[PDB]
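This document starts with one chain, in the form deposited in one PDB entry, laid out as structure tokens.
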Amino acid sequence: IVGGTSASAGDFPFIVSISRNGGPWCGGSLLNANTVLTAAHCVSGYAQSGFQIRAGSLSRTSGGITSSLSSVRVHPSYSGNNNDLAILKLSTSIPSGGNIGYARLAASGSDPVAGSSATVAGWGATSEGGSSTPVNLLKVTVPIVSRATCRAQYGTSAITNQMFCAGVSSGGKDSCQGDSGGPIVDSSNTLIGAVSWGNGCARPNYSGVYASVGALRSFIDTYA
């Protein structure tokens, strides 16, 4: 997270940190006791054994409840940067209560409205190319970018309706490497997306790009 602030206890009760090979890697959203929503590019093709989930902590290293993975279901038509979602099943159930809770998903058919305020959280880099990764969770608030504008930035082909964009035209607030898979929420704390991709981080004129929960509810509701 670039241009962000420290998250408070309880801000995102459903957020999970995903480590790989004991090192930081991605974030995710707890859908229910045995199910995590992340980015496909977090898990696709990699040894499943490498992954650990941690819930109910501001720290990616300590506290809360941990689980290994029993299974990985990548979106059947995950393709390049598109349909960048995966459902993870947990060997250890993660019950709700305390600072643990489950994500409220964006309505099927919904698409975040340009100009509306979104909040993204994670444990990734605090600048593009940065080598520090926070131990404690950060968050940042950014406006939704019109798909038309995002198409201008990236090309029409690059941006589908299974993606949306968020960021600030003068740059300096974004998700970054190590944030992928983690939650982007609306002003009501509804899960609208997962951190997916971008040209660098927080660049003026290159929005952060998110996998759209509203577009991909079929996939999610099936396997959740």
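Quick note: we count residues from 1 along the sequence shown, nothing fancier. What we label the rigid core is the largest C-alpha set whose atoms superpose within 1.5 Å from one form to the other.
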Higher Cα RMS in 8 other deposited structures of this protein relative to the shown form (core alignment), 82-90 or 128-136, goes to 128-136
The third of the chain into which the C-alpha temperature factor of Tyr210 falls is the lowest
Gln153: CA temperature factor from the record, placed by chain third, in the lowest
Chain-relative C-alpha B factor for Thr5 (record values, thirds): the middle
In terms of its chain's C-alpha B-factors, the third that includes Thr141 is the lowest
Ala166: CA B-factor among chain residues, third -> middle
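The discussion below concerns the form solved in complex with a partner chain, not included here.
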For the partner chain in the entry with it bound, the stretch among 63-71, 157-165, 185-193, 28-36 with residues bearing a heavy atom within 4.5 Å is 157-165
My question is simply whether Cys201 lines the interface with the partner chain in the entry with it bound - judged by any non-hydrogen atom within 4.5 Å.
yes
Is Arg54 close enough to touch the partner chain in the entry with it bound, meaning at least one heavy atom pair within 4.5 Å? no
* **4.5 angstroms heavy atom contact with the partner chain in the entry with it bound for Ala152** => yes
(Q) Please tell me whether any heavy atom belonging to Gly10 falls inside 4.5 Å of a heavy atom of the partner chain, as the geometry stands in the entry with it bound. (A) no
Residue within 4.5 Å of the partner chain in the entry with it bound by heavy atom, from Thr119, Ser146, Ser127, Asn81, is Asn81
